[PDB]
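Trainee: Build me a model:
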Amino acid sequence: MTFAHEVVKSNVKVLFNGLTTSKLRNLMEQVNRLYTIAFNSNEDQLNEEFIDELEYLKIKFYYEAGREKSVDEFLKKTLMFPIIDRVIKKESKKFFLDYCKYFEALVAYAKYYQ
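Mentor: Numbering: from 1, shown residues only. And now the structure:
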């Protein structure tokens, strides 16, 4: 059983009240850019500049949620909003990478059920 699968599946009625993958591309580009910077770093303690990038990613989440109602529903039902606050708090590379895999799986299931 995949948690990201059940989350997306339980939100198909069409999907996240009219969510398409094209509405998340801005978030995907920012996540993929930070995923590469983190994956190509050494210490689990993320540098002070990277946390500032995470806070800006949080700003993008709220910006895109206000721009698209379906993205607001997607980020809320998937708990993307509370967990990014935890990724920033942990200041940890292991935790942020698990966050990216969770996000990638959600988008992958959204693209499939799209």
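
Trainee: before we move on, which element is the residue nearest the centre of the chain in?
Mentor: Nearest residue to the geometric centre of the chain (Cα atoms, centre = their mean): residue 103, 4.3 Å. Using DSSP states H and E, residue 103 sits in helix 93-113.

Trainee: Which strands or helices does that helix pack on?
Mentor: helix 3-9, helix 25-39, helix 80-90 (3 or more Cβ pairs under 8 Å, 6 or more residues apart in numbering; DSSP states H and E). In short, each C-beta sits where N, CA and C put it, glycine included.

Trainee: and of those, who's closest to residue 114?
Mentor: Nearest to residue 114, of all the helices and strands packed on helix 93-113, is helix 3-9, at 10.1 Å by Cβ to Cβ.

Trainee: picking that back up, send me the helix holding residue 103 as CSV with only the CA atoms.
Mentor: Coordinates of each C-alpha in helix 93-113 appear next as CSV, following Å, rounded to 0.1, in the frame of the first residue of the first chain:
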residue,chain,number,x,y,z
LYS,A,93,18.8,16.5,4.2
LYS,A,94,17.4,13.0,4.9
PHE,A,95,14.0,14.5,5.7
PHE,A,96,13.9,16.9,2.7
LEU,A,97,14.7,14.1,0.3
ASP,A,98,11.9,12.0,1.7
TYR,A,99,9.7,15.1,1.2
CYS,A,100,10.7,15.2,-2.5
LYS,A,101,10.0,11.5,-3.1
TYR,A,102,6.6,12.0,-1.5
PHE,A,103,5.9,15.0,-3.8
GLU,A,104,7.1,13.1,-6.9
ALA,A,105,4.8,10.2,-6.1
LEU,A,106,1.8,12.5,-5.6
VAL,A,107,2.4,14.2,-9.0
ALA,A,108,3.1,10.8,-10.6
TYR,A,109,-0.3,9.5,-9.4
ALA,A,110,-2.0,12.7,-10.4
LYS,A,111,-0.6,12.5,-13.9
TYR,A,112,-1.8,8.9,-14.2
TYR,A,113,-5.3,9.6,-12.9
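
Trainee: List the buried residues in it.
Mentor: Across helix 93-113, burial judged by 16 or more other Cβ atoms under 10 Å covers 93, 95, 96, 99, 100, 102, 103, 105, 106, 107, 109, 110.
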